[PDB]
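Trainee: as they sit in the full assembly, here are the leading chains:
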Amino acid sequence: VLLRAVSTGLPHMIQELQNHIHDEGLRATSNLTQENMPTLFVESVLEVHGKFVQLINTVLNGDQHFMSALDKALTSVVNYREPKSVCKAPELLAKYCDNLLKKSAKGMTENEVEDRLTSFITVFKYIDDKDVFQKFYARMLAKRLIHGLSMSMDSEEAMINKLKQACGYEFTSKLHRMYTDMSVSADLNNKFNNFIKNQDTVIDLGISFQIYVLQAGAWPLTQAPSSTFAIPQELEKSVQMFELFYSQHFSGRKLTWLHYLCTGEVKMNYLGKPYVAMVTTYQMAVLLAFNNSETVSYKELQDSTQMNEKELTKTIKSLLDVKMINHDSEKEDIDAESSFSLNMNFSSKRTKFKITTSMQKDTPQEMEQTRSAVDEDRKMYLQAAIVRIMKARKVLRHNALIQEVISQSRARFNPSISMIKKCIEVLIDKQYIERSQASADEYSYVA
Amino acid sequence: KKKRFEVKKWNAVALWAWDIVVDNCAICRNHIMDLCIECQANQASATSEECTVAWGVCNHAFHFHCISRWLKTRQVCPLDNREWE
Amino acid sequence: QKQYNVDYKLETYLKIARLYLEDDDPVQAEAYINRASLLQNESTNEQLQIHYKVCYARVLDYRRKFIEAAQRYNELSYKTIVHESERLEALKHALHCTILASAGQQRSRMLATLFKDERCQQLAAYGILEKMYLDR
C-alpha cells in the first residue's frame, strides 16, 4: 500500500523477493535434481511454477514488476539449469511425453495427459533449447519415430503450432511428412502386393516397407548406423520394387540402408525349439553372422565383420541369459578364446519371447551424441563472428583474409586451412560480402 | 525344422531429399532452403529445399539475379555451363 | 552401393562420352558428362581432368556450341604442357571453332589474340584467317 504510493518501498520487496526466488532456485534447483528426471527437473521447476502461480495469483494481485521479475529469474534458471541443454526439462517434457505419450506402458487420457500438456504450455514460454531440442528430439524420435514415445500426435501438433509460431518451423512438417510417410509405408506394402505380387521367395512375410520420412538432412547425426549384412533375395526385391514405385515417385533419396529398423528373425527355422525369439537390429545382424557354422571364433566372425563390436556383446549376453547361445564369451564381439552355438534354452514368459532386449543403453552413447551439438553451436557462433568481421573490414582477400581470421580467433580451436574458400563462400551467399574481380582471393565487401 | 532362422516379415527404408546436388544455389548462401535476397525479391514458386533445385538444362539451379549475379562474375556462365536464369 | 573415387566412375563417364560421340548419340553422353562435370572441384588429376575437359569441348563442337569450345581449346592449347602435336590439334579445334563460332566481338578479340598468336605462323589457314585480321 504505502510504498506503492511508499512507492519505492515495493521495489526493495521485489528485490529480495528476487533474491530468495533466485537463490531458492539455485538450491532447490540443485537439491532434489540428483536423478535428473522429468518429475524432479520438470516438476521441481514446474513445482516452483506452482509456488508462484499460487504465490503470485494471490495477494498477490499486482506489482507487475513482480511479474517480470519472477518471469526474469524464472527465465534465467530456465537457462540456468543442469545442462546446458536446459531444455532437458523440455527434453524430459517430451521424455515425459516419451515415458507418458505411450498408449500401452504409461497410458493416460488426452486432457488427462493434456492437463499436464497445457502445464507444459505454461512452461512453453520457457522451453528454451528448441533446436538443441530438435537435435535431441530427433534422437528422441529415434526413441519415438518407430517406437511410440509420442502417443498424442496432435497434442504434439498444437505444440508444433506454438513452436512454429515462436520456435522451430520445419522440424514440425518433417515429422508430418514422416507420419504420412509410414502411412505410405502401409500403402506401398499394399501396392507391392498389388503390383509386384512378389512371390520372389517363399517367405514374404514382413519383408520391408516401413518408412518414416524425416529429411535426410533432418536427422540429428548420421544414419542409425549400418554396415554389411546378408540381405536375402526378397530384401533385394523390396528395395528394388519399392524403387520401382518410388523412382516413379521420387529420386535422389531412395531405398537407402538403415540397420536400426532391423530386428530379430529367428523363428520356426527348423528348431527343436518351438521358439520365436526376435532380437534387436544388430542382435539380428550378428546372429545372422552366426547361423550355420555351429561354432565360430573371434576370427571366423572377424573374417566378414567390417563393423563394430557391441552388437555381438548384446548378442552373446541376451543369448546366454535366455540360454539361446552355447557361447564362450559374452564379450563385445567374442574372444578368439570364445565361440558361438545356437542354444535351445530360453528364460522368459512365452515360447522364447521377451528375449528382444537390446541392452538400450547409451552413458558411452550419451557422450557420442553430445559431440554433434559442439559442431552446430561453434558454427553459429562463428557465422556471427565472421559476418561481423566481414562488415568491419572487407577481408577482403581470400588467403590473407582467412589468415587474419585465424589471427582473430587464436584461442578458439584449429580450423581448416582449406574451406577458407568455403568460408568466404558462406558470406558471399548471405549478401554479406561479395566477390571482387581482382582475384580468386582478394574480393570485396558488399552490403 | 526348428532353427535355421528363415525369413520372418520385415520392415524397410526410405527418404524424402532429391535426385539433384543441389548445393543451395552456391552463388550466395541465402540458401536453396531460403528465398535469397534478390530472389525473395523475385520469388518464383520456391521452397525450403528447392528455392531452386534441379538437374536442369543448367543444372546450376541458381537464384534469379543470383544466378544472374554469378553470371555477372562471368558472362560465360560455366557455373553448370548454362546462362543465368 | 559400391563407392568408387572420382577417377573410376570418371573413367567410365569419359568412356561413355567419347564412345557415344563416336556413335553420335551426343545427348545421352551429355546427360552423363554433366554428372561428371561437377566433380571438377574435387579431383586433382589435371591429366584426366582435362581429358574430360576436351571431350566436353568435343561435345561443344558436336553440340554446335562453337565459341565455348573455342575459348576452351584456345586457352588450353596456349599451354606447353600438352603434346605439342595435340596442342596444335587443339589449336585447330580452337580456330576451327573460331570460324565455326559466330562473327563475334568476343570472336574479334579472339581473332586478335590469334593474330598475336605465333604458333599458327606455321599453319596453313593461319594465312587464310590472317587475311581476315582486318575483315577480309
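Mentor: Good, I have the coordinates. Residues are numbered from 1 along each chain as shown, chains lettered A, B, ... in the order given.

Trainee: from here on, contacts and neighbour counts on C-alpha atoms
Mentor: Noted.

Trainee: could you measure from residue A:216 over to residue A:341?
Mentor: Taking Cα to Cα, to the nearest Å as the measure, residue A:216 falls 39 Å from residue A:341.

Trainee: and if you look at residue C:65?
Mentor: Computed with Cα to Cα, the distance linking residue C:65 and residue A:341 is 68 Å.

Trainee: quick one: what helix or strand has the most centrally placed residue in chain C in it?
Mentor: In chain C, the residue lying closest to the centroid (Cα atoms, centre = their mean) is residue C:57, at 3.5 Å. In the assignment (DSSP states H and E), residue C:57 maps to helix C:46-62.

Trainee: got a list of what residue A:433 touches?
Mentor: Contact partners of residue A:433, counting by Cα atoms under 8 Å, 6 or more residues apart in numbering or on different chains, are A:390, A:391, A:394, A:424, A:427, A:444, A:445, A:446, A:447.

Trainee: restricted to buried residues, select those in ChimeraX.
Mentor: Remark: buried members of these, expressed as a ChimeraX selection using 16 or more other Cα atoms under 10 Å in any protein chain shown:
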select /A:390,394,424,427,444,445,446
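
Trainee: sorry, back to before: more neighbours, residue A:216 and residue A:341?
Mentor: residue A:341 (20 against 16; other Cα atoms under 10 Å in any protein chain shown).

Trainee: buried set for the helix or strand residue A:386 falls within?
Mentor: Element membership for residue A:386, per DSSP H and E: helix A:364-392. In terms of neighbour count (16+ other Cα under 10 Å), helix A:364-392 has its buried residues at A:369, A:373, A:386, A:387, A:390.

Trainee: just put these in a markdown table and tack on distance to chain B.
Mentor: Conversion of the buried residues of helix A:364-392 to a markdown table gives the following (distance: Cα to the nearest Cα, whole Å):
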| residue | distance to chain B |
| --- | --- |
| A:369 | 22 |
| A:373 | 21 |
| A:386 | 14 |
| A:387 | 12 |
| A:390 | 15 |
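
Trainee: list just the nearest of those residues to residue C:4.
Mentor: Nearest to residue C:4 among these, counting by Cα to Cα, is residue A:369 at 29.3 Å.

Trainee: so what's that closest one closest to, chain neighbours aside?
Mentor: Nearest residue to residue A:369 in three dimensions, chain neighbours excluded: residue A:221, at 7.7 Å (Cα to Cα, 6 or more residues apart in numbering or on different chains).

Trainee: shouldn't the residue nearest to the centre of chain C be in contact with residue C:68?
Mentor: Yes: look at residue C:57 against residue C:68 with Cα atoms under 8 Å: they come within range, at 7.4 Å.

Trainee: check contacts around residue A:401.
Mentor: By Cα under 8 Å, 6+ apart, the contact set of residue A:401 is A:395, A:442.

Trainee: if I look at it, how far off is residue A:443?
Mentor: As judged by Cα to Cα, residue A:401 and residue A:443 stand 9 Å apart.

Trainee: hey, what's in contact with both of these two?
Mentor: Taking Cα under 8 Å, 6+ apart as the contact rule, the neighbours common to residue A:401 and residue A:443 are residue A:395.

Trainee: tack on chain D:
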Amino acid sequence: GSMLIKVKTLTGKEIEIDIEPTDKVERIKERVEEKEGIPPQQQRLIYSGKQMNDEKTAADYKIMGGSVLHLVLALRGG
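Mentor: Following on from the chains above, chain D is added here:
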C-alpha cells in the same frame, strides 16, 4: 588533433591519428586515406558488431586513444 585514436584494419592494423573529441569520422576517413592509401569506403567503420556511421564524430561512440575504427578495409593500400 587532440584525440589520438586508432583506425584498425580487419587484420588488426591500428593506426595512431590526431583527431578531436568532435572530429567527424567523415573526415577521420579522409585522414585514414590521406595517411594510408587504403580508401575509407571499404574501411567500413563498424562499432561492436554494428557499423559506425561514416558521417559522425569518433567521440560519438565514446571513441578514444586506443579506440578502434574498423576497415572492412582493403589490402592494396598498405
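
Trainee: again for the contacts of residue A:401, since chain D is there now?
Mentor: Going by Cα under 8 Å, 6+ apart, residue A:401 touches A:395, A:442, D:11.

Trainee: list the contacts of residue D:65.
Mentor: So residue D:65 contacts D:3, D:4, D:5, D:6, D:16 (Cα under 8 Å, 6+ apart).

Trainee: tell me the secondary structure at residue 71.
Mentor: Let's take chain A. Following DSSP: H, G, I helix; E, B strand; the rest coil, we place residue A:71 in the helix state.

Trainee: right idea, wrong chain: chain C
Mentor: Following three-state DSSP, we place residue C:71 in the helix state.

Trainee: in this structure it contacts residue C:94, no?
Mentor: Yes: judged on Cα under 8 Å, residue C:71 makes contact with residue C:94 at a distance of 6.7 Å.

Trainee: show me where chain B has helices.
Mentor: Secondary structure of chain B, counting by DSSP state H: helices at B:37-40, B:64-72.

Trainee: please identify the most buried of those helices.
Mentor: Comparing these by mean neighbour count (mean count of other Cα atoms under 10 Å in any protein chain shown), helix B:64-72 ranks first with a mean of 20.

Trainee: could you check that helix against chain A for contacts?
Mentor: No: using Cα under 8 Å from any Cα of the partner chain, helix B:64-72 stays clear of chain A, with a minimum separation of 8.8 Å.

Trainee: okay, that helix in CSV with CA atoms only?
Mentor: Extracted in CSV, the C-alpha atoms of helix B:64-72 (Å, rounded to 0.1, in the frame of the first residue of the first chain):
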residue,chain,number,x,y,z
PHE,B,64,17.2,-15.3,-60.4
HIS,B,65,19.6,-12.5,-60.3
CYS,B,66,21.8,-14.5,-58.0
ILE,B,67,22.3,-16.8,-61.0
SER,B,68,22.4,-13.6,-62.9
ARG,B,69,24.9,-12.4,-60.3
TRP,B,70,27.4,-15.2,-60.8
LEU,B,71,26.8,-14.8,-64.5
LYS,B,72,27.8,-11.2,-63.8
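
Trainee: who does that helix touch, helix- and strand-wise?
Mentor: Under the contact definition 3 or more Cα pairs under 8 Å, 6 or more residues apart in numbering or on different chains; DSSP states H and E, helix B:64-72 sits against helix B:37-40.

Trainee: ok, residue A:241 to chain B distance?
Mentor: 12 Å (Cα to the nearest Cα, to the nearest Å).

Trainee: what's the answer for residue A:327, then?
Mentor: For residue A:327 relative to chain B (Cα to the nearest Cα), the value is 17 Å.

Trainee: not counting its neighbours along the chain, what's nearest that residue?
Mentor: Counting by Cα to Cα, 6+ apart, residue A:340 is the residue found nearest to residue A:327 once chain neighbours are left out, at 4.6 Å.

Trainee: what sits against the one you found?
Mentor: Residue A:340 sits next to A:290, A:294, A:295, A:296, A:297, A:325, A:326, A:327, A:328 when contact means Cα under 8 Å, 6+ apart.

Trainee: ok and the residue in chain D nearest chain B?
Mentor: For chain D and chain B, the shortest gap (Cα to the nearest Cα) falls at residue D:72, measuring 19.2 Å.
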